[PDB]
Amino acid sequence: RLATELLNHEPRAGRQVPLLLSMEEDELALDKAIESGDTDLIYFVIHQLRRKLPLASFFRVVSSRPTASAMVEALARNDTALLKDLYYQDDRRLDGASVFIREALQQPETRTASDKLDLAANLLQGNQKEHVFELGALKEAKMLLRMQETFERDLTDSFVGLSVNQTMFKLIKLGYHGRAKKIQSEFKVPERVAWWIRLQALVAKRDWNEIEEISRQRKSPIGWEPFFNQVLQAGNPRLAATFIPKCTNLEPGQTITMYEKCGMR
């Protein structure tokens, strides 16, 4: 009991740790390594405790010390079962769920990928301290690539991996009707978002018949001013000049700039 006490204040705070370690004085050796700020020392203690202590005992010691916990966590990411065990026993369910999501991104098929997402959702259930969003998100993710798989089977093009917005964009650009509206409806994409995507897609498609058809209605959730600007560049100044004066909320001084840049001097 005495031999441990005398080392607690001298000398080089880096050679007291191997001495503490041989005396089976763990934690104290780890605390001294942490307070030294020496990464090399912290690893040496962790690697020693990893091989000597049971994983359970190893976790407890390491979990109490955020710096030591970080290194074990860092070493495993570059091990997977170790990460899950660490997070579960420390009740870190969001971190554990992230491991399964990270595994889903590595699955060669969406079937196996969605199975990994399901495992992530399982972790977030129980206790569930405000995990409603993540559970719905993993639900959408499983929903999305399942629909995108149908598109690849039918349209013989690539869709799996794109976001909801990117999926809508590619669908509209290829002129695939309400298939994009089906995606939009299923994922509850806001009106202002969906119309920006549709505007950008039709412009990049130069589908000025559809744009003119869209101009043939009254209200616009994003306004008609975006329609003016988007069509003017890389497109018709003539079709752009259609949206004026539908642009409700305007300058109001004056209107000239729009009629001016549309070639009509």
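So that there is no doubt, residue numbering starts at 1 and follows the sequence shown.
Next on the checklist: Gap size between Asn78 and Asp79, counting deposited residues with no coordinates: none, 1 to 3, 4 to 9, or 10 or more?
Outcome noted: Some 4 to 9 residues are missing between them.
Checklist entry - Got a sec? Mean C-alpha B-factor, which is higher, 171-179 or 83-91? => result Looking at the record's C-alpha B-factors, the answer is 171-179.
Next on the checklist: Quick check: 127-135 versus 160-168, which has the larger average CA B-factor in the record?
Outcome noted: Comparing 160-168 with 127-135, the higher average CA B-factor belongs to 127-135.
Next on the checklist: According to the Cα B-factor stored in this entry, which of the following is highest: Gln48, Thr39, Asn236, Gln200?
Outcome noted: The listed residue with the largest C-alpha B-factor is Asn236.
Checklist entry - Among the chain's modelled residues, which third holds the C-alpha B-factor of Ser220? => result Its C-alpha B-factor belongs to the middle third of this chain's values.
Item to check | Ranked C-alpha temperature factor of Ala56 among modelled chain residues, by third | outcome: CA B-factor rank for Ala56: lowest third.
Checklist entry - What third of its chain's C-alpha B-factors does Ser69 belong to: lowest, middle or highest? => result Lowest third.
Next on the checklist: Taking only the Cα B-factors deposited for this chain, tell me whether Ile34 sits in the lowest, middle or highest third.
Outcome noted: Bottom third by C-alpha B-factor.
Next on the checklist: Looking at the temperature factor on the CA atom of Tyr43, which third of the chain's modelled residues does it land in?
Outcome noted: According to the entry, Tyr43 has a C-alpha B-factor in the chain's lowest third.
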